[PDB]
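In the form deposited without Pexmetinib (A1AWV), a lone chain appears below as structure tokens.
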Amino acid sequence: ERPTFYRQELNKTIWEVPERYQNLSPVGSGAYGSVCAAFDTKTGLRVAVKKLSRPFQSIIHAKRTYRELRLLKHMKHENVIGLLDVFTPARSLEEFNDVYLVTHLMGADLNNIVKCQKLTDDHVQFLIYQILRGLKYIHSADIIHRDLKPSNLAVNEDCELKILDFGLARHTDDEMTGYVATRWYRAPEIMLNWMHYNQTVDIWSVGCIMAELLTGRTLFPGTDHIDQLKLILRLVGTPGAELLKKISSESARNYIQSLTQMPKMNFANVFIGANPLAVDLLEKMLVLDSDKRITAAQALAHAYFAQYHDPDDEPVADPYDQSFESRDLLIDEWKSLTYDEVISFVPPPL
């Protein structure tokens, strides 16, 4: 049965939400959509309510809306943000124009932790363990996050962590230009479009985050793409012929080869005083050749996580059908697919 909806002005736009959601207060707004904090009186949870902005204004927009809803509906894991609710005030497909997504209200992120606490090695172990636990789940569904960084990691007062805001394909070229955290955690093969990338790109980001938790400093704070590449190759060494072969862009290959060769540095002398097991794990995630990087499942079994690792409590995901990504549809067809997914949604148990 349809709940009763009520209306409110809020940001600059009209919000129409079921009565269960009370005390809406705006917290953020962008080109993707406006967000309000609220109290869900039916569950007792503080929630984030996101109203999508122009969900169906083009084919690209309509597909992205469908992609986001499919992803959030699938994610059911302690270390990944899931979907609490999705609703529309429309009573039929013909009047369907607005989409609202409801998720747990997340407070602090990994940024609000790195520059305040010195973080003990035990805290680093637990935080990275949870990222990898969530990543094992995400990767088992052939989902790549693509945009892992500290601002996409929520951490509550108990150092419990959740992965947020997947890389649904946006970050304009201008947002990735210059001295910006939007680029500091990206694998070089994605940064420079070397090749068709795999889910190992996320492991590179985890290595950058780990390092920053250990030192309190950005690992590769490049002032631009090329400066950042130089910082990376100084640490891990310039590529050998075997990795060069795998770079498809003849122009990217030629450029790499213009650089003076450099050996891999001693990580024990970079991460001074760190746990030798942390150094070993960093050496295995920050490998230039993504074919040779450690996977999430392999990293969970590394001795660095011995006090948390439990092979019977690191679950994998149900199969996730992404055939729609190869599909070409019209706006109204993406819209009807999205509507179907709204009306079939079943809430999680509390």
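Residue indices: 1-based, along the sequence shown. Rigid core (definition): largest C-alpha set, two forms, superposition within 1.5 Å.
This next part talks about the form deposited with Pexmetinib (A1AWV) bound, which is not shown.
The pocket of the unliganded chain is judged blocked, since Pexmetinib (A1AWV), transferred from its pose in the deposited complex by superposition of the C-alphas around the site, places three or more atoms within 2.4 angstroms of backbone or C-beta atoms.
The stretch in contact with Pexmetinib (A1AWV) in the deposited complex, judged by heavy atoms within 4.5 Å, is 63 to 71, chosen from 295 to 303, 310 to 318, 277 to 285, 63 to 71. Screening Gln130, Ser140, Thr103, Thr88 for any heavy atom within 4.5 Å of Pexmetinib (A1AWV) in the deposited complex leaves a single hit, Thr103. Proximity to Pexmetinib (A1AWV) in the deposited complex, defined as a heavy atom within 4.5 Å, holds among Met210, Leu219, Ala154, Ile203 only for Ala154. Shown alone here, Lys136 lies farther than 4.5 Å from Pexmetinib (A1AWV) in the deposited complex, counting heavy atoms only. Although the partner is absent here, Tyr185 is not a contact residue: none of its heavy atoms lies within 4.5 angstroms of Pexmetinib (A1AWV) in the deposited complex. Residue contact with Pexmetinib (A1AWV) in the deposited complex: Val80 places a heavy atom within 4.5 Å of it. Pexmetinib (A1AWV) in the deposited complex is approached by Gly107, whose closest heavy atom lies within 4.5 angstroms of it. Within 4.5 angstroms of Pexmetinib (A1AWV) in the deposited complex, the stretch 35 to 56 places a non-hydrogen atom from each of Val35, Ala48, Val49, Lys50, taken in sequence order.
Comparing the forms between this form and the one not shown on their rigid core, the Cα displacement of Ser29 reaches 2 Å or more. In the core-superposed comparison between this form and the one not shown, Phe166 has its Cα shifted by at least 2 Å. Core-superposed comparison between this form and the one not shown: CA of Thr120 displaced by less than 2 Å.
Figure legend: C-alpha atoms of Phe166 and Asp313, shown here, are separated by at least 3 angstroms more in the deposited complex. The Cα-Cα distance between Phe166 and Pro315 is lengthened by 3 Å or more in the deposited complex relative to the form shown here.
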